[PDB]
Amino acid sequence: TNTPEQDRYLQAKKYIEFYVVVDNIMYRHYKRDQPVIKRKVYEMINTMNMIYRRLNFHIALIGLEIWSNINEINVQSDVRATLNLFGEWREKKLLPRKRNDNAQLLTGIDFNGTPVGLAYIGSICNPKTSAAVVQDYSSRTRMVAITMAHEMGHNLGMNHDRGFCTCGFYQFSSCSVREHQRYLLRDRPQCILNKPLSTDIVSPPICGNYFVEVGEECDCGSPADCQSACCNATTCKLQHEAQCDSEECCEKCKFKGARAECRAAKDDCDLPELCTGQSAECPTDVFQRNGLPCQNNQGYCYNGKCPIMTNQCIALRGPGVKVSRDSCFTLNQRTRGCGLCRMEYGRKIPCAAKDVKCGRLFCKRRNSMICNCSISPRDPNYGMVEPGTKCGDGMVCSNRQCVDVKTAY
């Protein structure tokens, strides 16, 4: 079932730029002693990376903050509300000052009940929900590290089905790995593709974690494991004349020649990246130009996707469904029922007749000539046709208007 390109995507090293926060209670538990706590955090991330090796993820600690003064959220024995408060704090307070793919709260409070942490599921790189929360419940750093690794498994799309698999043979059950993978394949989140700059990492270099840090030139693991002719495993220095070791654009300790491909296209709105002969790094993932016809002329590319009404229906509604006929979209001429184009001022605002395909999305099943739509008292964008969907020949949605593509891109 998995396309060869999917299997191969499954094997690209992936990275998380991780930020950890220590709350006031763990801080006091550790006698206010800030180097002791930083050390224990570094043991912890190291433990994670040892566990996440077989998964192809490397966790790079890019920030560590201790609330040695007061908590900036109300941390509560109720695990849910602390996870809720911490997710909002991440989105509103942490991201504006500090890029990161993920953050965990590590806290000394005693959570009510059995719960030692909690996480949102398959949400990595999400501003809102790429966050977990972990209780520092033991003096044994390995154990808290394991829970930390488990709450991150949740962010990476592993399910609770927990209390084990259906059936089989520190680590993850096979069912937890298929879940995680499916999630990666289904969402392919963007952020875990970039290799963080070695400068950006705040933990001590570890020579042997397979990630090249400041003061190292290569890192192929333990001397017992390493079999590179390029790298000296003990010292993490390149060998005689080598320019590189295990980067995607290295071959036989040298830069590959220009134009060798290094990240395949994942579909027709992706542009392949190609090695430079100039360095050992694969150029950043970028995509085809905005407006390229895509998915058999059914759409036009927008920032690396091919938005199509039928697929947005299926995403909202599950497979088995498809876009409604054009007549359904008339409803968008008014603001009663599903009908919508824009929120302006907290007021509801109709589509002009010419724009009706860039308002609320209308889907259908069988029997149903009923025009179904998706709504949210919560979030007035949910169910709205995605920007950049095709609305006529050579026309796309931009700001909830149907516009000439030559004016959009």
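So that there is no doubt, residue numbering starts at 1 and follows the sequence shown.
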*Hey, how big is the hole between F169 and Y170 in terms of deposited residues without coordinates: none, 1 to 3, 4 to 9, or 10 or more?*
10 or more
*Which has higher Cα B-factors on average according to the PDB entry: 328-336 or 269-277?*
328-336
*Per the entry, higher mean C-alpha B factor between 38-46 and 351-359*: 351-359
*Sort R259, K254, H150, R186 by C-alpha B-factor from the entry and give me just the highest.*
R259
_Residue, from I62, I66, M26, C341, that the PDB entry assigns the highest Cα B-factor_ = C341
*Sorting the chain's modelled residues by C-alpha B-factor, tell me whether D78 ends up in the lowest, middle or highest third.*
middle
*In terms of the CA temperature factor given in the entry, to which third of its chain does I51 belong: lowest, middle or highest?*
lowest
*Just say lowest, middle or highest third for the CA B-factor of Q6 relative to the other modelled residues in its chain.*
middle
*In terms of the chain's CA B-factor thirds, is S203 lowest, middle or highest?*
lowest
*With respect to C-alpha B-factor, does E91 fall in the lowest, middle or highest third of the chain as deposited?*
middle
